[PDB]
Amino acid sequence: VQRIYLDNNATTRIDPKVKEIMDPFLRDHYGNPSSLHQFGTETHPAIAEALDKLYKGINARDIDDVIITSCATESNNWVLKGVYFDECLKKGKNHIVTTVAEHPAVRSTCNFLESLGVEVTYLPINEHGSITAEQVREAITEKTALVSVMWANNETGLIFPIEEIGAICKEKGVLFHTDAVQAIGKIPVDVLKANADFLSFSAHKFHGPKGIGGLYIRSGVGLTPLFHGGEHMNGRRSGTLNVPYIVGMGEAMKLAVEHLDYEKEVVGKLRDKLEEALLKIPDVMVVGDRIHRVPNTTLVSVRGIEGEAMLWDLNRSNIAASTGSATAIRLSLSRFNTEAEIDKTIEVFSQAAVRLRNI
């Protein structure tokens, strides 16, 4: 069989080059980076080069941190629970501003915070699919400790106006976190433009392994550790480093960035091909704005069918994809897809479409 993968916002294949680069750290460079002897020191250089790659991915300066984590969910829980202790409790700054769009790691953590007594406002989503900036402007109180808005949306592919949000946040004196998980490798990411104080990502959205990610922390911004024990990552996050996955994720980030133009021109073109082909069906509205999306995503709906039903049929034709908020169907490409696979999807989708209608 010839299977087609269109669920890249759920996770992604590890790049062959990523696999190849981690391999010697599963084989004989197994030493613990903290060890003082050769087994440890010999991992130094590769670690350093990984970190360089991460820095250059997100336009982070020497004086900033990019801390390695076990995934974006760790990152996001760290940021929220750290600012709770540093701001909400110790500074009485008892309010967080976020959106209804956010990943559940963010939203569940916020919920928990409310349980303890933080007030969290959850910004509503507009007709244009997006949040405005002015919406955050108008929410930022005296008490506001942090604003958290995701860079791009995992369900619709919509880019939020981070940066404008950056500015509104600078002007008003407030901590700014952006969850940038679905922006890496998909559009350029620049914490400087963004005035991020905090930024999250996870390798497996850009062809590294599941099980690692980063939190960008800006210079001189405190954030009480989520993993105390304090020896690794300048005491910001304790635990023996995941050497192999570090090295992998370096590589991934690099390749991700190198492919920005390819993502834009080629993958985006593929997405468009697909999109147009599918709008030719009947009442197949696309979902949300079409102009401010990451290149690789399209969330279509289909008049009289469930998303789940569509998905299940697609699966039997060896095509993988997932749902989103109405349900609707999310098709999420990557550089690994080809025009052949799109064409095929167009066929198998339309057949499936026609074939499920009468029920």
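Don't overthink the numbering: it's just position in the shown sequence, from 1.
K.L.:
How big is the unmodelled gap, if any, between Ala326 and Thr327 relative to the deposited sequence? Choose none, 1 to 3, 4 to 9, or 10 or more.
P.N.:
Unresolved stretch here: 10 or more residues.
K.L.:
Which is higher in the entry, the mean Cα B factor of 264-272 or that of 195-203?
P.N.:
Comparing 195-203 with 264-272, the higher average CA B-factor belongs to 264-272.
K.L.:
So 25-33 or 303-311, which one's hotter by mean CA B-factor in the entry?
P.N.:
Going by the record's values, the stretch with the higher mean is 303-311.
K.L.:
Among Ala252, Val221, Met285, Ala105, which carries the highest Cα B-factor?
P.N.:
Result of the comparison over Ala252, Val221, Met285, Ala105: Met285.
K.L.:
Taking the values straight from the PDB record, which of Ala256, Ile140, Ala152, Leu215 has the highest C-alpha temperature factor?
P.N.:
If I rank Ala256, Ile140, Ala152, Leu215 by C-alpha B-factor, first place goes to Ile140.
K.L.:
Taking the chain's C-alpha temperature factors as the reference, tell me which third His177 falls into: lowest, middle or highest.
P.N.:
For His177, whose C-alpha B-factor we compare with every modelled residue in the chain, the answer is the middle third.
K.L.:
If you rank the chain by CA B-factor, which third does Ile246 end up in: lowest, middle or highest?
P.N.:
Lowest third.
K.L.:
Split into thirds by Cα B-factor across the chain's modelled residues, where does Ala72 land: lowest, middle or highest?
P.N.:
For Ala72, whose C-alpha B-factor we compare with every modelled residue in the chain, the answer is the lowest third.
K.L.:
By its CA B factor, does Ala10 count among the lowest, middle or highest third of the modelled residues in the chain?
P.N.:
Bottom third by C-alpha B-factor.
K.L.:
Of the three thirds of its chain by CA temperature factor, lowest, middle or highest, which one includes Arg290?
P.N.:
Ranked within chain, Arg290 CA B lands in the highest tercile.
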